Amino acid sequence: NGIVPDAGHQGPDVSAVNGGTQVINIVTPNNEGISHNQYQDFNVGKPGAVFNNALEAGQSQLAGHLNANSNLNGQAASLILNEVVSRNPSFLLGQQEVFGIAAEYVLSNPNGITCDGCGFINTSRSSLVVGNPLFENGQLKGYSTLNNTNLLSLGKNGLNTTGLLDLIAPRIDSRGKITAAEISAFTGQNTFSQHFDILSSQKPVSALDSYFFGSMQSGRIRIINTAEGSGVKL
């Protein structure tokens, strides 16, 4: 069970099929179109994971035939927000597919995220956030890496997506090929809007250095480090 949902009302139903592929019946989206899913554990292996964002049955890439997700009161999620609410870090070693209607994807884990040979299928935009989402009366107001020194690690087997990629963490250490339509990496201790505009920054007490090694296969790359005096090493 790489993925273990929270017991509470934001915990989706998670099932394994076939050779270990996990299928997530995401929770009903709220009025902003956000399916906010909370997890005690979130990890993906080589068999991959499929988020059921379908209004009709059909064939997924990773898990074969799936029925519609009956939680979609007739409207699919615009954003699939996956939040780790425990102290467990996340390891992403396989593909994640949005089955059904293409959507935005976020994984937020303030304990750390490691992606080695991970990928995103049928997402317009995928964001890995070593930090927390911020809510105000059940509405998503943005994300925070404040008071956090943990790491987003990208391994030698890289990260692939046909959509937009955001990489948000106090520090990033990448050693593999990153393939995306566009890459945005934002480092340091920051608050962000819903759309990853930087709203405020802290200076870390000690250096938060990021490393990029390997290749970036994308027509547009932006790296913004707000940690006054810390490095971006290539």
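From 1 onward, residues are counted along the sequence shown.
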| property | result |
| --- | --- |
| Residue stretch of maximal mean CA temperature factor, 181 to 189 vs 205 to 213 | 205 to 213 |
| Mean temperature factor over C-alpha atoms, higher-scoring stretch between 89 to 97 and 133 to 141 | 133 to 141 |
| Among modelled residues of the same chain, the CA temperature factor third for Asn37 | lowest |
| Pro110 by Cα B-factor - lowest, middle or highest third of the modelled chain | middle |
| Entry-reported Cα temperature factor of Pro170, expressed as the chain third it lands in | lowest |
| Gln194 by Cα B-factor - lowest, middle or highest third of the modelled chain | highest |
| Among modelled residues of the same chain, the CA temperature factor third for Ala49 | middle |
